[PDB]
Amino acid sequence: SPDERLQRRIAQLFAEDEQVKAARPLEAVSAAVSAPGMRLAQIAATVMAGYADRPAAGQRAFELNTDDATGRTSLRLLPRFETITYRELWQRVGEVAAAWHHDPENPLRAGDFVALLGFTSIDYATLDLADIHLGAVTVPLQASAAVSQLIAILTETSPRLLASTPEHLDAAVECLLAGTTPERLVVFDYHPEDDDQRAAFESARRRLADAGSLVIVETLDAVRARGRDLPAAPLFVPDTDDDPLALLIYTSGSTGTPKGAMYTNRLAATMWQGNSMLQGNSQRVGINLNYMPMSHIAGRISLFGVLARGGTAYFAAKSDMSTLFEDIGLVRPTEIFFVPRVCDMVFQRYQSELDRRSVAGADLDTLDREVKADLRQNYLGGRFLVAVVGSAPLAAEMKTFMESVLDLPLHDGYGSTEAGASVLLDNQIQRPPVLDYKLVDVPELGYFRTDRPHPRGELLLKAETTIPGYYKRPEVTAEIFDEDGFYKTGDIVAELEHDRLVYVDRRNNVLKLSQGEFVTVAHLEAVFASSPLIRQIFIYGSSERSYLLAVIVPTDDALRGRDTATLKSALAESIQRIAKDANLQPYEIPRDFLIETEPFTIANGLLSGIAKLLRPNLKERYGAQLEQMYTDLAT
């Protein structure tokens, strides 16, 4: 059977693979972690002691290369990873915490805010745990946020320390020049031998000097060396009836201004011991590649859930996924969380390889099997026990495809920053943490409890993992809870039967075409991902119009040897074939579109940090062009 075959691979792994064998969670440690009165920092401490000698975290090895022509010295990555142990990481954490707690003039205290501007890394983990160690509130800033937004965040949270990576010092210094509250700027992920990083650092210190700031600019290495000669810091443990704030996770609802979702000491502890499948509540060996930012809930769960199981968390070299598959192939994780964008990258690799190897003497469906086998064992590392997709919808055909590549199920996990990570797993309500739910009719979008095969409406939730609200935004907080205490997800679902729900789309993505047919734009975007010719797609509509438009980023091979006209016909053809396969309505098919050779990225503000389309920014970028296309066509 399919499970039988997969279970045969795992038995081989545990017989043969000694890294895997050595990373099995310890029952005694898991027991201690799930102990009743344990608070967040005690959990961290227990894990670190319990797994002290094991590799905890890894990063790419690197070299420093001097170009004798330019004279410039740059950090260069090597194709391997280096690890540090639980003991070493915790030692580093304790050093930062001692430095902060025992500072002679201006020490940090429980409840102070600390702001962090980074990706995900050993240094990030060090700073984040040190906050936890002292009961400081972590504010992990989104790299994708505009400086104006960052300043808004800092104004609101009044942190006493700001920490930043070199690539982010430009935004960090503008925040500090603006008269915000941090007293120290701590640079991390910092290699002074790299000229570009050194220049960013020395610029940062000299601009703050020139401007007469009293901010102390320093390196994380220097903070650690200082704490190394200071007494041990106390471990923060709130009293039994207290649940102080521990973490703010900023998230942008249906339009991009950040609101800080409040995670209390208790809610943050669920990332170590809550029951998702990627949370630390299991005995699965956790060797994983962390490629999502610590500013997002999925990044934090990926780190803390792995640490909770005594596994090893490897950090991706880059935040834009440009090293993602090289990293996965080197790490060979025993688990992944996919976002759909990553499934896209796998599909594009497949299409490319298949097209390339499809020579005259080929047997094609045996070739398909061979390309997928190569993807599986080599591109993705061949050590997977489990796979999950989440954060955004995956179309049925791409799910079918990915399962064919992985040769195991691809679990669909639905959750949110506000509601919690688990909520729905493969269409099944997860209890715990869900306490109850209901569907509420949405008459103006055509979703009623009395709809056709299955009831439809907005999902409203109660769960143990729901946030209490957003930090200092109580009128915004008021709107996400109904009179009875239900969290309004803003998501449309269908109820197949009790506790079994199918995600449709966000309420705000449901559009009524003029003839009165509703379309779901994010869902249709997912469907057209299966076009072998489409690299990215943004689908756009107007309720004043009868049909959809799109902005399509073609693949490199789709582009090759074609002019604009030919490229459009080829895309249009592919679009029709995909629509047929997914049994789409005629009105669900983009009837024209813009060709865009510039990919949507984090850097140009069109992708989020977890590679989701940022709809408000895409509407602002292409909306005028698109409406003009509507007008030209109507003419």
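Start at 1 with the first residue shown and count on from there.
Of the two stretches examined, 46-54 and 65-73, the record assigns the greater average C-alpha temperature factor to 65-73. For the two regions 258-266 and 289-297, the entry's Cα B-factors average higher over 258-266. As recorded in the PDB entry, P432 shows the highest C-alpha B-factor of the residues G310, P432, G135, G305. In the deposited coordinates, the residue among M345, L439, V405, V217 with the greatest CA B-factor is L439. Split the chain's modelled residues into thirds by C-alpha temperature factor. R562 is in the middle one. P599: CA B factor lies in the middle third for its chain, per the PDB record. Residue-level temperature factors show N509 in the middle third of its chain, judged at the C-alpha atom.
The entry lists a Cα temperature factor for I151 that places it in the middle third of the chain's modelled residues. In the deposited entry, the Cα temperature factor of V33 places it in the highest third of its chain's modelled residues.
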